[PDB]
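Encoded as structure tokens, the following chain is the form deposited in one PDB entry, with no partner shown.
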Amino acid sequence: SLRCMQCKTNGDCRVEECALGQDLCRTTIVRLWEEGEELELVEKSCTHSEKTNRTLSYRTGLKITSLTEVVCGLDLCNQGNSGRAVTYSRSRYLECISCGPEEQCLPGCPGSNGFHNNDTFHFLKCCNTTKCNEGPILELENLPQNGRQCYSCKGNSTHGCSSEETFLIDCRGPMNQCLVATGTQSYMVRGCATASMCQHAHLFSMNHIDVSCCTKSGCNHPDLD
């Protein structure tokens, strides 16, 4: 009876006897090139000569890339303040797509969104063209001054956003608009935004998010709401 080598990189590799009706050994090679990169994967497994039917997935056309950065000056501040351990990666698959952050099955895309203040940065770009995908998303530390200045805070009207705590900051990159965002107990941020953000906002990450923008330096000052 028929035994094949069962092996793929980062896997439990063994010789295995196959199930009945698995009559073929297989070597698979996937070579993939994009953006000057060449990936080459090999997988060896049993397999079958029978044709077997399989569903085809919903070709969405859209790839959504979302970035969030947080910075601080104090020691060890990027340590997580949880009791338990921190997530560093996560694969999530929506199995509806194989038949049988939005949940559509059976948005203000394409475009980019941007926001930042003195110590946090959120960028989101969704693309239906290949060039859009190949572009990298630049973090705060690589965006130059744009001549705009806006006010920055986050927190209650008494903790996080209060005359002491709100500072004027020099905007960077395409975030050449000033922004306020109101939401939820009451909670608020100020910072530089892209004009894109002011139309379709998506942030922390509160609800009943109320957003307004103005396009002159300093104009998101508190005594202007």
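Numbering starts at 1 and runs along the sequence shown. Heads up, when I say rigid core I mean the largest set of C-alphas that superpose within 1.5 Å between the two forms.
- The stretch of deposited sequence separating residue 211 from residue 212 contains no residues lacking coordinates in this entry.
- Missing coordinates between residue 184 and residue 185 amount to 4 to 9 residues of the deposited sequence.
- In this entry, 150 to 158 has the higher mean Cα B-factor, the comparison being between 113 to 121 and 150 to 158.
- The PDB entry records a higher mean C-alpha B factor for 55 to 63 than for its counterpart among 169 to 177 and 55 to 63.
- Within the selection 71, 132, 86, 143, the deposited Cα B-factor values reach their highest point at 132.
- Highest CA B-factor among 15, 20, 201, 24, as stated in the entry: 201.
- In this PDB entry, the Cα temperature factor of residue 50 sits in the middle third of its chain's modelled residues.
- Sort the chain's modelled residues by C-alpha temperature factor and residue 37 lands in the middle third, per the entry.
- When the modelled residues of the chain are ordered by C-alpha B-factor, residue 217 sits in the lowest third.
Another form, the form deposited in another entry, is not on view; read the next lines as being about it.
- The only C-alpha among 65, 162, 68, 47 that moves by 2 Å or more between the shown form and the other one, given a superposition on the rigid core, is that of 47.
- Superposition on the rigid core between the shown form and the other one places the CA atom of residue 128 less than 2 Å from its counterpart.
- Taking 2 Å as the criterion, residue 214 does not count as shifted between the shown form and the other one: its C-alpha moves by less than this amount when the rigid core is aligned.
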